[PDB]
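Engineer: This is the structure, below, for whatever I ask next.
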Amino acid sequence: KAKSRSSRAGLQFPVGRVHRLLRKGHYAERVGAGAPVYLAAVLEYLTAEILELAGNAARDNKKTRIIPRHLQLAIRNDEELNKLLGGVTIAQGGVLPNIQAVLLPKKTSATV
Amino acid sequence: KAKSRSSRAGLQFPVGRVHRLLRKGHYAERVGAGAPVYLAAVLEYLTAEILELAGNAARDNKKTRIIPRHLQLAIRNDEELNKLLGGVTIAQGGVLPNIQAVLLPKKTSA
Amino acid sequence: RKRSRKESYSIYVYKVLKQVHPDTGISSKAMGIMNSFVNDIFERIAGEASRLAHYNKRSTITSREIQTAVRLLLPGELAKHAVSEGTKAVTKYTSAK
Amino acid sequence: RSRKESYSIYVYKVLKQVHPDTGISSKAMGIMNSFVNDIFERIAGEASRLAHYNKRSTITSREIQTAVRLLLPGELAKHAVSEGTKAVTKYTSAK
Amino acid sequence: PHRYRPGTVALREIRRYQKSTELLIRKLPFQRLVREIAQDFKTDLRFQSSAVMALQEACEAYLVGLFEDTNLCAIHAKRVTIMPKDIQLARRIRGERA
Amino acid sequence: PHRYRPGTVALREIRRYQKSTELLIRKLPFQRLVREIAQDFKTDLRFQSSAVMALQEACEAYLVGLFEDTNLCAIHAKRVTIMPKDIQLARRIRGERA
Amino acid sequence: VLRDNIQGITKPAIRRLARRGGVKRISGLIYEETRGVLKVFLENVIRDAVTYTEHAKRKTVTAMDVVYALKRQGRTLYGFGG
Amino acid sequence: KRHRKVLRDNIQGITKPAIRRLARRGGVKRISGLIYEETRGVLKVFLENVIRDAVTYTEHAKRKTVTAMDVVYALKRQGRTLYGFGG
DNA sequence: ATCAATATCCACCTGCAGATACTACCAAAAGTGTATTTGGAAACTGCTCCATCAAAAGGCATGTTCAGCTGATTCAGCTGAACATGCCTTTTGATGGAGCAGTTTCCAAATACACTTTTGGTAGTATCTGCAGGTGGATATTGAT
DNA sequence: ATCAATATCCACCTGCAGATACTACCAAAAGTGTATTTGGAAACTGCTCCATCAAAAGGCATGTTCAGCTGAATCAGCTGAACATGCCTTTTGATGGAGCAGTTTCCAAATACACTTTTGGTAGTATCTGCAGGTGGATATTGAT
Ligand SMILES: [Cl-]
Ligand SMILES: [Cl-]
Ligand SMILES: [Mn+2]
Ligand SMILES: [Mn+2]
Ligand SMILES: [Mn+2]
Ligand SMILES: [Mn+2]
Ligand SMILES: [Mn+2]
Ligand SMILES: [Mn+2]
Ligand SMILES: [Mn+2]
Ligand SMILES: [Mn+2]
Ligand SMILES: [Mn+2]
Ligand SMILES: [Mn+2]
Ligand SMILES: [Mn+2]
Ligand SMILES: [Mn+2]
């Protein structure tokens, strides 16, 4: 009846792994049995939040496969993910389409 | 009998205390006999370097006691110390006298 | 001679992907970014935790460190939600032995 | 009433070698302490990373060096690297 | 009757204050604003004397710095008068927002 | 013989390039600049193709990032034309030489 | 004569900080703009400080709390310990 | 041996046409003639600061090959953290 | 140019806030002697980096042309800087108690051990399938007149 | 407001590259469940040092006046965009060679570990004195005339 800690905690993300990586970086003398459960959840939680916003971007561009450009549109269009990943560069991500107003043509009537 | 590792490496900085802080800083499982000597030395050197320049700034301002204002003038007027501490504030440091040119008055007969 | 085992989070990110978007794939590049993302956030927290434990003369990182570290590192609504999902998975794991 | 260690003894020693007739306010002494702790953590930490990047369980003087190369600018680096290598040699060469 | 021209006292205040290190916000009104903002995060808090003083040193340091980069932004647009748009440009480029 | 007016193709290119994610520096010229600069630090060096590509990704990202800030500085001066002094104001305020 | 606390940070105080930062001439709109910035700073810093306090099971925010805050906000302060 | 052919002026491989493309992605509409040289300079500084650190890791490891991980660890140190090349 | 109104410098004094100097006691450094752990030294892989080269698209270099942007000019009206108070807030100093922090206790929870089980990462294969890029062809967008 | 040049869009169509997928399967993880200590929550106090609070004291809110700044309108020269033309380099796809990362086994140095012996460093105290302003008067700077 070997019963995964992940399964015990109700998680996809691998608690056993997260306990072993906390040990091997040391980070402290001892690691509480709850630490690697709480952390594996927070990690699962954040990857979920991104994948949902990325998938949405993929769907928005008529794609079935999330590429880097998608992940980038997700992270940069979300105010809170943008700040978390403010000092991170996503390879092959590009930038958000954004032309300063003052740069747009003004050859039409419009303003009287 | 009992020699100081400090006195052995010929340092004012405490090679014992540096070793202890490296063990109990979760930096790795093991710490070589040499590392805390090397480090102690690098901290001493850099301390020496700053105090030197500051001392000089306290002498420039007719003063024998170094204050924060002296450490700020020392650091921010040295190109290499200023880069190292570019992300640091010195409480009671102030700033370097510096007034952009264009803000100075016209002046001269012309 | 047998190439050495280079473990990733790929298996788990994929399971989660199918939970949120059952019909959506992910490129090996995008899965790359998603691995480096977990690895990054793992350290940031484990780090803040490591420190925080120290700052209070504690030798043991508990789920109480993990949580404070999450309130420090995550902004507003990501923190609230990440703290829920944590607390919950812990409260469960406790009562699930 | 518990012992609050500092570096203020060894700052003051290093002041008097360098400016034997120069003093230091408490407030300056505090900045110096922040300074030493600050650089201590910066070096120890980069050395911690290096050890891990190379699957080494041990921070040696070699790590402290690479570290000092990466964290210190040009001339500071050279002169720290020397001052280090010297102190280590002096310590080895001491029955 | 005697009168200094626009900017002359200003230049004088620059020189005066660039020479000193004393804090430039009165202590009490800073202490109130700190305690107020904190109350929105935890109630019935107490503050070590040093903790407020730390906050003020950091806080003034920060602003003085931002006034440098602001003034460089004003100057960049051939002005000698700092305006909001200047503080805004500085905080955008600093990565502090937008 | 028809002619798009100055700045219409520019705007066309902004849309084109902000839409894409391909690297804009030719690969080989960039690989030589990498071997040139490195060799000058240490001879006989070899580079994993991924190490060269990692650098190119960071560099383009940095530059695109700088150019956004630069553009802001130009605009701040009531211009539409980026000049060295914009790049310099950007890098001063970023703290790349503050 | 009740007045907001943020308005306790007076035009002459803000003028003095601007002077140390080498500013000659100050638009009237600066003083509010500045207070708004100063507020966001303190929010960002104090939040983190208190978070340390609450971790330590204390009701007294310590210098160290602020300093540790200021260090993870990238504004590292020398002269208050650590 | 063959001894490698001599590497020089490779910064001029960052063509005027590649620097415009980059400025376009940064949403730039009009570019002064003096920009291309300025940008070559800024790029060169950036590349140096990264390659130096990268090679510092390579040497510390006692390798003669710079890895993708050496560049990533270097970019992270410079506060330019890069996703998509390991770590 | 003068002349004065005010700011600024410099030399000297001196009380005390805040150094330096002194002392004793104990935490934590260092000495001693086992008890583990590690990270090259040598000896082989296979990988992947280097170089080479051939073919050809694909982008770069260059010269011409002029649209329109930059920067200079001039100016009017607006907007902050300067300036003097007495009143109001801050500051200064001293009292009581909140709470930090010192300390001992003890047990739930963490580490260490050495088995047992399962998993996830792999190499090997097959096997599908999303979409890159190419083609018409219908549909904006732009710019001149 | 017309129309012509040309860029854009979009929706199908192939043939892969890269994804998904069937194991095979097995070395390393993960985990099961004893036997440790042992970290730190908990409870108690004492003694800092923090909030308060009322006297002492010195900045700042206030309105007026106009200096000179900003921003507006104009214009000219020239810079930088666009585009046509010619063609050099990079890109793409192999190959053969080998340089060198990356693995696996001995262990002789190298740290860790448990104990003991001593002492350097702290924290109370006990004095000493650098300099922060205070004064006087000489001089510089500024601004009106
Ligand atoms: Cl726990
Ligand atoms: Cl060593
Ligand atoms: Mn879903
Ligand atoms: Mn005199
Ligand atoms: Mn030609
Ligand atoms: Mn007028
Ligand atoms: Mn009490
Ligand atoms: Mn499996
Ligand atoms: Mn397509
Ligand atoms: Mn205990
Ligand atoms: Mn002209
Ligand atoms: Mn080798
Ligand atoms: Mn002694
Ligand atoms: Mn004086």
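Chain labels follow the order of the structure tokens: the first chain is A, the next B, and so on; residue numbering restarts at 1 in every chain, and ligands are counted from 1 in their shown order.
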Just need chain E moved onto chain F: least-squares over all Cα atoms matched in order, then output as an mmCIF file with C-alpha atoms, in the first residue's frame.
Structural biologist:
data_model
loop_
_atom_site.group_PDB
_atom_site.id
_atom_site.type_symbol
_atom_site.label_atom_id
_atom_site.label_comp_id
_atom_site.auth_asym_id
_atom_site.auth_seq_id
_atom_site.Cartn_x
_atom_site.Cartn_y
_atom_site.Cartn_z
ATOM 1 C CA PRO E 1 5.844 55.329 -60.145
ATOM 2 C CA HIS E 2 4.731 54.624 -56.483
ATOM 3 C CA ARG E 3 6.344 55.909 -53.222
ATOM 4 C CA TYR E 4 5.363 55.436 -49.489
ATOM 5 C CA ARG E 5 5.860 58.581 -47.294
ATOM 6 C CA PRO E 6 8.555 58.903 -44.562
ATOM 7 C CA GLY E 7 7.477 56.845 -41.476
ATOM 8 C CA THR E 8 4.825 54.642 -43.200
ATOM 9 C CA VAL E 9 7.148 51.667 -43.909
ATOM 10 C CA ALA E 10 8.677 52.381 -40.426
ATOM 11 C CA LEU E 11 5.273 51.976 -38.666
ATOM 12 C CA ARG E 12 4.826 48.828 -40.862
ATOM 13 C CA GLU E 13 8.236 47.396 -39.740
ATOM 14 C CA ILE E 14 7.260 48.160 -36.091
ATOM 15 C CA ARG E 15 3.987 46.202 -36.441
ATOM 16 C CA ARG E 16 5.747 43.361 -38.393
ATOM 17 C CA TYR E 17 8.642 42.892 -35.881
ATOM 18 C CA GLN E 18 6.556 43.454 -32.682
ATOM 19 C CA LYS E 19 4.475 40.474 -34.019
ATOM 20 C CA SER E 20 7.505 38.116 -34.476
ATOM 21 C CA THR E 21 10.157 36.581 -32.113
ATOM 22 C CA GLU E 22 12.930 35.485 -34.612
ATOM 23 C CA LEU E 23 16.361 36.985 -33.774
ATOM 24 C CA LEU E 24 17.187 40.171 -35.829
ATOM 25 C CA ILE E 25 21.035 40.042 -35.971
ATOM 26 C CA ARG E 26 22.438 37.533 -38.565
ATOM 27 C CA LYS E 27 24.006 34.538 -36.701
ATOM 28 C CA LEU E 28 27.617 34.423 -38.056
ATOM 29 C CA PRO E 29 28.582 38.119 -37.423
ATOM 30 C CA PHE E 30 27.243 37.801 -33.830
ATOM 31 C CA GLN E 31 29.199 34.479 -33.403
ATOM 32 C CA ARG E 32 32.466 36.207 -34.571
ATOM 33 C CA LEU E 33 32.010 39.252 -32.247
ATOM 34 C CA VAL E 34 31.330 36.850 -29.286
ATOM 35 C CA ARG E 35 34.431 34.644 -30.012
ATOM 36 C CA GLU E 36 36.600 37.847 -30.484
ATOM 37 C CA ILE E 37 35.562 39.499 -27.143
ATOM 38 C CA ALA E 38 36.065 36.103 -25.334
ATOM 39 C CA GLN E 39 39.631 35.726 -26.792
ATOM 40 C CA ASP E 40 40.508 38.847 -24.703
ATOM 41 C CA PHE E 41 39.679 36.719 -21.545
ATOM 42 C CA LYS E 42 40.774 33.186 -22.526
ATOM 43 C CA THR E 43 42.370 31.905 -25.756
ATOM 44 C CA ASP E 44 41.473 28.781 -27.832
ATOM 45 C CA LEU E 45 37.883 28.724 -26.370
ATOM 46 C CA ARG E 46 35.033 26.620 -27.819
ATOM 47 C CA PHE E 47 31.323 27.637 -27.481
ATOM 48 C CA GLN E 48 28.340 25.193 -27.218
ATOM 49 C CA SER E 49 25.815 26.029 -30.040
ATOM 50 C CA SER E 50 23.275 26.795 -27.223
ATOM 51 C CA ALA E 51 25.746 29.098 -25.369
ATOM 52 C CA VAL E 52 25.960 31.503 -28.383
ATOM 53 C CA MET E 53 22.157 31.260 -28.921
ATOM 54 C CA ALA E 54 21.650 32.033 -25.168
ATOM 55 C CA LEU E 55 23.989 35.093 -25.473
ATOM 56 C CA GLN E 56 22.108 36.332 -28.610
ATOM 57 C CA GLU E 57 18.609 35.985 -27.024
ATOM 58 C CA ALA E 58 19.747 37.875 -23.872
ATOM 59 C CA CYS E 59 21.643 40.428 -25.970
ATOM 60 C CA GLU E 60 18.772 41.272 -28.404
ATOM 61 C CA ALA E 61 16.201 41.216 -25.534
ATOM 62 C CA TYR E 62 18.447 43.766 -23.710
ATOM 63 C CA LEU E 63 18.760 46.106 -26.736
ATOM 64 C CA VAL E 64 15.051 45.956 -27.719
ATOM 65 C CA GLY E 65 14.304 46.930 -24.065
ATOM 66 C CA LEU E 66 16.860 49.783 -24.134
ATOM 67 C CA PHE E 67 15.248 51.006 -27.438
ATOM 68 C CA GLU E 68 11.867 51.199 -25.576
ATOM 69 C CA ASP E 69 13.364 53.364 -22.755
ATOM 70 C CA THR E 70 15.426 55.325 -25.346
ATOM 71 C CA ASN E 71 12.266 56.053 -27.436
ATOM 72 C CA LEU E 72 10.518 57.194 -24.153
ATOM 73 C CA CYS E 73 13.505 59.565 -23.552
ATOM 74 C CA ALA E 74 13.313 60.946 -27.151
ATOM 75 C CA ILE E 75 9.569 61.356 -26.858
ATOM 76 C CA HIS E 76 10.132 63.130 -23.468
ATOM 77 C CA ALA E 77 12.123 65.897 -25.306
ATOM 78 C CA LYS E 78 9.234 66.385 -27.812
ATOM 79 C CA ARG E 79 11.157 64.367 -30.476
ATOM 80 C CA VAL E 80 10.197 61.191 -32.483
ATOM 81 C CA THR E 81 13.867 60.587 -33.450
ATOM 82 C CA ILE E 82 16.050 58.527 -31.019
ATOM 83 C CA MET E 83 19.562 60.148 -30.637
ATOM 84 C CA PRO E 84 22.633 59.039 -28.648
ATOM 85 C CA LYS E 85 21.853 61.475 -25.766
ATOM 86 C CA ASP E 86 18.560 59.437 -25.355
ATOM 87 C CA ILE E 87 20.367 55.994 -25.158
ATOM 88 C CA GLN E 88 22.727 57.827 -22.760
ATOM 89 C CA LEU E 89 19.923 59.167 -20.467
ATOM 90 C CA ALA E 90 18.251 55.656 -20.386
ATOM 91 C CA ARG E 91 21.504 53.860 -19.400
ATOM 92 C CA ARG E 92 22.222 56.578 -16.737
ATOM 93 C CA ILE E 93 18.758 56.198 -15.097
ATOM 94 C CA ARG E 94 18.905 52.349 -15.465
ATOM 95 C CA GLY E 95 22.038 52.521 -13.191
ATOM 96 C CA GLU E 96 24.232 51.014 -15.974
ATOM 97 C CA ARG E 97 26.648 54.021 -15.727
ATOM 98 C CA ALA E 98 27.225 57.675 -14.542
#
Engineer: Could you produce a table of the residues of chain C lying within 10 Å of chain G, with the nearest pair of atoms per residue and their separation in Å rounded to one decimal, using only C-alpha atoms, ordered by chain and increasing residue number, as a Markdown table?
Structural biologist:
| residue | atom | partner | partner_atom | distance |
| --- | --- | --- | --- | --- |
| C:48 | CA | G:72 | CA | 9.1 |
| C:51 | CA | G:68 | CA | 9.7 |
| C:52 | CA | G:52 | CA | 7.9 |
| C:53 | CA | G:55 | CA | 9.5 |
| C:55 | CA | G:56 | CA | 8.8 |
| C:56 | CA | G:56 | CA | 6.6 |
| C:64 | CA | G:55 | CA | 8.1 |
| C:65 | CA | G:55 | CA | 7.9 |
| C:67 | CA | G:55 | CA | 9.5 |
| C:68 | CA | G:55 | CA | 6.7 |
| C:69 | CA | G:51 | CA | 9.1 |
| C:71 | CA | G:51 | CA | 7.6 |
| C:72 | CA | G:48 | CA | 6.2 |
| C:73 | CA | G:72 | CA | 9.2 |
Engineer: Pull N, CA, C and O atoms from the residues just selected and write them as a PDB file, in the first residue's frame.
Structural biologist:
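Output file again-v3.pdb is given in full below:
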ATOM      1  N   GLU C  48      14.506  32.679   0.422  1.00  0.00           N
ATOM      2  CA  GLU C  48      13.884  33.605   1.401  1.00  0.00           C
ATOM      3  C   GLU C  48      13.689  32.821   2.699  1.00  0.00           C
ATOM      4  O   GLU C  48      14.003  33.363   3.779  1.00  0.00           O
ATOM      5  N   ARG C  51      16.974  32.100   4.706  1.00  0.00           N
ATOM      6  CA  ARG C  51      17.293  33.411   5.334  1.00  0.00           C
ATOM      7  C   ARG C  51      16.416  33.565   6.571  1.00  0.00           C
ATOM      8  O   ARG C  51      16.950  33.678   7.674  1.00  0.00           O
ATOM      9  N   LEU C  52      15.104  33.549   6.353  1.00  0.00           N
ATOM     10  CA  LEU C  52      14.061  33.866   7.360  1.00  0.00           C
ATOM     11  C   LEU C  52      14.260  32.980   8.597  1.00  0.00           C
ATOM     12  O   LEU C  52      14.221  33.510   9.734  1.00  0.00           O
ATOM     13  N   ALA C  53      14.495  31.685   8.381  1.00  0.00           N
ATOM     14  CA  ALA C  53      14.810  30.695   9.439  1.00  0.00           C
ATOM     15  C   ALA C  53      16.002  31.214  10.248  1.00  0.00           C
ATOM     16  O   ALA C  53      15.887  31.325  11.490  1.00  0.00           O
ATOM     17  N   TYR C  55      17.278  34.368  10.328  1.00  0.00           N
ATOM     18  CA  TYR C  55      16.973  35.688  10.946  1.00  0.00           C
ATOM     19  C   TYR C  55      16.333  35.496  12.333  1.00  0.00           C
ATOM     20  O   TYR C  55      16.356  36.440  13.139  1.00  0.00           O
ATOM     21  N   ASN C  56      15.764  34.320  12.613  1.00  0.00           N
ATOM     22  CA  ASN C  56      15.038  34.040  13.882  1.00  0.00           C
ATOM     23  C   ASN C  56      15.702  32.881  14.641  1.00  0.00           C
ATOM     24  O   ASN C  56      15.037  32.287  15.496  1.00  0.00           O
ATOM     25  N   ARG C  64       5.594  27.040   7.721  1.00  0.00           N
ATOM     26  CA  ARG C  64       5.455  28.433   8.233  1.00  0.00           C
ATOM     27  C   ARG C  64       6.505  29.352   7.591  1.00  0.00           C
ATOM     28  O   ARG C  64       6.172  30.502   7.312  1.00  0.00           O
ATOM     29  N   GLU C  65       7.738  28.893   7.398  1.00  0.00           N
ATOM     30  CA  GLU C  65       8.750  29.651   6.615  1.00  0.00           C
ATOM     31  C   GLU C  65       8.282  29.750   5.158  1.00  0.00           C
ATOM     32  O   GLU C  65       8.142  30.886   4.657  1.00  0.00           O
ATOM     33  N   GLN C  67       5.569  29.765   3.798  1.00  0.00           N
ATOM     34  CA  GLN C  67       4.398  30.648   3.602  1.00  0.00           C
ATOM     35  C   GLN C  67       4.873  32.104   3.690  1.00  0.00           C
ATOM     36  O   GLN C  67       4.582  32.894   2.756  1.00  0.00           O
ATOM     37  N   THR C  68       5.583  32.476   4.748  1.00  0.00           N
ATOM     38  CA  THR C  68       6.048  33.872   4.873  1.00  0.00           C
ATOM     39  C   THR C  68       6.777  34.225   3.580  1.00  0.00           C
ATOM     40  O   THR C  68       6.462  35.275   2.987  1.00  0.00           O
ATOM     41  N   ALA C  69       7.661  33.336   3.132  1.00  0.00           N
ATOM     42  CA  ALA C  69       8.518  33.551   1.941  1.00  0.00           C
ATOM     43  C   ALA C  69       7.649  33.802   0.710  1.00  0.00           C
ATOM     44  O   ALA C  69       8.099  34.558  -0.181  1.00  0.00           O
ATOM     45  N   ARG C  71       4.470  35.120   0.828  1.00  0.00           N
ATOM     46  CA  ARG C  71       3.876  36.470   1.027  1.00  0.00           C
ATOM     47  C   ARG C  71       4.885  37.568   0.647  1.00  0.00           C
ATOM     48  O   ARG C  71       4.459  38.613   0.137  1.00  0.00           O
ATOM     49  N   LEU C  72       6.176  37.342   0.875  1.00  0.00           N
ATOM     50  CA  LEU C  72       7.259  38.306   0.545  1.00  0.00           C
ATOM     51  C   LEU C  72       7.476  38.363  -0.967  1.00  0.00           C
ATOM     52  O   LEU C  72       7.616  39.478  -1.459  1.00  0.00           O
ATOM     53  N   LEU C  73       7.465  37.214  -1.657  1.00  0.00           N
ATOM     54  CA  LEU C  73       7.911  37.050  -3.077  1.00  0.00           C
ATOM     55  C   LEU C  73       6.766  37.222  -4.088  1.00  0.00           C
ATOM     56  O   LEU C  73       7.047  37.697  -5.211  1.00  0.00           O
TER      57      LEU C  73
END
Engineer: List every residue of chain D that DSSP, applied to the backbone, labels as helix (DSSP H, G or I), and write the result as a count of residues only.
Structural biologist: 69
Engineer: Hey, what's within 6 Å of range 22-39 of chain C if we count only C-alpha atoms (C1' of nucleotides) and toss same-chain stuff fewer than 5 positions away? As a PyMOL selection string, please?
Structural biologist: (chain A and resi 64-68) or (chain C and resi 9) or (chain H and resi 83-84+87)
Engineer: Would you mind exporting the chosen residues as a compact mmCIF listing (two decimals), in the first residue's frame, restricted to N, CA and C atoms?
Structural biologist:
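New file selection24.txt:
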# COMPACT_ATOMS: atom_id res chain seq x y z
N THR A 64 -2.86 25.07 -31.23
CA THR A 64 -3.14 23.93 -30.32
C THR A 64 -1.95 23.69 -29.40
N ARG A 65 -0.77 24.15 -29.81
CA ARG A 65 0.52 23.97 -29.09
C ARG A 65 1.02 25.33 -28.60
N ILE A 66 1.04 25.49 -27.27
CA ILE A 66 1.73 26.58 -26.53
C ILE A 66 3.20 26.59 -26.94
N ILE A 67 3.67 27.69 -27.53
CA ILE A 67 5.11 27.99 -27.77
C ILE A 67 5.58 29.07 -26.79
N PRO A 68 6.87 29.45 -26.80
CA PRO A 68 7.34 30.57 -25.97
C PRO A 68 6.60 31.91 -26.15
N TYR C 9 10.84 18.87 -14.36
CA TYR C 9 9.43 18.95 -13.88
C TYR C 9 8.42 18.63 -15.00
N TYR H 83 15.40 32.46 -19.27
CA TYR H 83 14.69 31.17 -19.40
C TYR H 83 14.90 30.60 -20.81
N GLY H 84 15.06 29.28 -20.91
CA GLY H 84 14.98 28.54 -22.19
C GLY H 84 16.28 27.88 -22.61
N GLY H 87 19.16 25.32 -16.52
CA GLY H 87 19.10 25.87 -15.15
C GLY H 87 17.66 26.04 -14.68
Engineer: What does the list of residues within 10 Å of ligand 13 look like if you count only C-alpha atoms (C1' of nucleotides) and all ligand atoms, written as a ChimeraX atom specification?
Structural biologist: /I:24 /J:118-121
Engineer: Please, could you write that set of residues out with N, CA and C atoms (P, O5', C5', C4', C3', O3' and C1' of nucleotides) as a short mmCIF file (atom, residue, chain, number, x, y, z; two decimals), in the first residue's frame?
Structural biologist:
data_model
loop_
_atom_site.label_atom_id
_atom_site.label_comp_id
_atom_site.auth_asym_id
_atom_site.auth_seq_id
_atom_site.Cartn_x
_atom_site.Cartn_y
_atom_site.Cartn_z
P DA I 24 38.95 43.17 37.47
"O5'" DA I 24 37.73 42.16 37.63
"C5'" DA I 24 36.35 42.55 37.48
"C4'" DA I 24 35.60 41.46 36.75
"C3'" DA I 24 36.19 40.06 36.90
"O3'" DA I 24 35.20 39.06 36.64
"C1'" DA I 24 36.26 40.63 34.67
P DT J 118 44.75 24.71 30.31
"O5'" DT J 118 44.53 25.97 29.36
"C5'" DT J 118 43.80 25.83 28.14
"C4'" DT J 118 43.96 27.02 27.23
"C3'" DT J 118 44.36 28.31 27.92
"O3'" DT J 118 44.84 29.17 26.89
"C1'" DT J 118 42.07 28.40 27.36
P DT J 119 45.80 30.39 27.22
"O5'" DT J 119 45.25 31.53 26.26
"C5'" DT J 119 44.53 31.20 25.05
"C4'" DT J 119 43.24 31.99 24.98
"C3'" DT J 119 43.38 33.46 25.38
"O3'" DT J 119 43.06 34.22 24.24
"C1'" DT J 119 41.37 32.52 26.18
P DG J 120 44.11 35.21 23.61
"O5'" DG J 120 43.25 35.89 22.45
"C5'" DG J 120 42.49 35.05 21.55
"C4'" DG J 120 41.08 35.56 21.36
"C3'" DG J 120 40.97 37.04 21.00
"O3'" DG J 120 39.81 37.13 20.19
"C1'" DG J 120 39.87 36.69 23.03
P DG J 121 39.42 38.50 19.53
"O5'" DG J 121 37.97 38.73 20.13
"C5'" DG J 121 37.01 37.67 20.23
"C4'" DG J 121 35.78 38.18 20.94
"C3'" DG J 121 35.42 39.64 20.64
"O3'" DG J 121 34.00 39.76 20.66
"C1'" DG J 121 35.90 39.41 22.94
#
Engineer: Give as a list in words the residues surrounding ligand 9 up to a distance of 8 Å, considering only C-alpha atoms (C1' of nucleotides) and all ligand atoms.
Structural biologist: residues 131, 132 and 133 of chain I
Engineer: Please save C-alpha atoms (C1' of nucleotides) of the selected residues as a short mmCIF file (atom, residue, chain, number, x, y, z; two decimals), in the first residue's frame.
Structural biologist:
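part.cif, freshly written:
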data_model
loop_
_atom_site.label_atom_id
_atom_site.label_comp_id
_atom_site.auth_asym_id
_atom_site.auth_seq_id
_atom_site.Cartn_x
_atom_site.Cartn_y
_atom_site.Cartn_z
"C1'" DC I 131 1.58 23.85 -38.72
"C1'" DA I 132 5.39 26.30 -41.75
"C1'" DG I 133 5.38 28.40 -45.67
#
Engineer: Using only C-alpha atoms, select each residue of chain H with any atom at most 8 Å away from an atom of chain A, and give the selection as a ChimeraX atom specification.
Structural biologist: /H:25,27,29,79-84
Engineer: Print the selection's residues with N, CA, C and O atoms to a file, as a PDB file, in the first residue's frame.
Structural biologist:
ATOM      1  N   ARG H  25      11.365  46.696 -33.183  1.00  0.00           N
ATOM      2  CA  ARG H  25      10.799  45.837 -32.101  1.00  0.00           C
ATOM      3  C   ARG H  25      10.661  46.645 -30.806  1.00  0.00           C
ATOM      4  O   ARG H  25       9.714  46.417 -30.056  1.00  0.00           O
ATOM      5  N   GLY H  27       9.886  49.589 -30.875  1.00  0.00           N
ATOM      6  CA  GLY H  27       8.832  50.533 -31.299  1.00  0.00           C
ATOM      7  C   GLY H  27       9.372  51.917 -31.600  1.00  0.00           C
ATOM      8  O   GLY H  27       8.749  52.901 -31.155  1.00  0.00           O
ATOM      9  N   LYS H  29      10.514  54.795 -34.454  1.00  0.00           N
ATOM     10  CA  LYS H  29       9.963  55.261 -35.755  1.00  0.00           C
ATOM     11  C   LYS H  29      11.023  56.007 -36.565  1.00  0.00           C
ATOM     12  O   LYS H  29      11.055  55.765 -37.813  1.00  0.00           O
ATOM     13  N   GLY H  79      21.791  40.084 -13.327  1.00  0.00           N
ATOM     14  CA  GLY H  79      20.375  40.461 -13.153  1.00  0.00           C
ATOM     15  C   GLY H  79      19.687  40.575 -14.503  1.00  0.00           C
ATOM     16  O   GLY H  79      18.905  41.529 -14.714  1.00  0.00           O
ATOM     17  N   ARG H  80      20.010  39.645 -15.400  1.00  0.00           N
ATOM     18  CA  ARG H  80      19.409  39.505 -16.744  1.00  0.00           C
ATOM     19  C   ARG H  80      18.984  38.041 -16.882  1.00  0.00           C
ATOM     20  O   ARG H  80      19.282  37.459 -17.934  1.00  0.00           O
ATOM     21  N   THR H  81      18.335  37.463 -15.863  1.00  0.00           N
ATOM     22  CA  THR H  81      17.973  36.012 -15.816  1.00  0.00           C
ATOM     23  C   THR H  81      17.291  35.598 -17.115  1.00  0.00           C
ATOM     24  O   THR H  81      16.338  36.286 -17.524  1.00  0.00           O
ATOM     25  N   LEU H  82      17.752  34.498 -17.709  1.00  0.00           N
ATOM     26  CA  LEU H  82      17.261  34.002 -19.016  1.00  0.00           C
ATOM     27  C   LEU H  82      16.636  32.632 -18.797  1.00  0.00           C
ATOM     28  O   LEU H  82      17.288  31.794 -18.151  1.00  0.00           O
ATOM     29  N   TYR H  83      15.401  32.464 -19.274  1.00  0.00           N
ATOM     30  CA  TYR H  83      14.690  31.168 -19.400  1.00  0.00           C
ATOM     31  C   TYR H  83      14.900  30.596 -20.813  1.00  0.00           C
ATOM     32  O   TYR H  83      14.907  31.354 -21.798  1.00  0.00           O
ATOM     33  N   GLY H  84      15.065  29.277 -20.913  1.00  0.00           N
ATOM     34  CA  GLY H  84      14.978  28.540 -22.189  1.00  0.00           C
ATOM     35  C   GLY H  84      16.281  27.875 -22.610  1.00  0.00           C
ATOM     36  O   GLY H  84      16.319  27.373 -23.754  1.00  0.00           O
TER      37      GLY H  84
END
Engineer: Do you know which residues are within 9 Å of ligand 14 using only C-alpha atoms (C1' of nucleotides) and all ligand atoms? Can you write them as a PyMOL selection string?
Structural biologist: chain J and resi 131-134
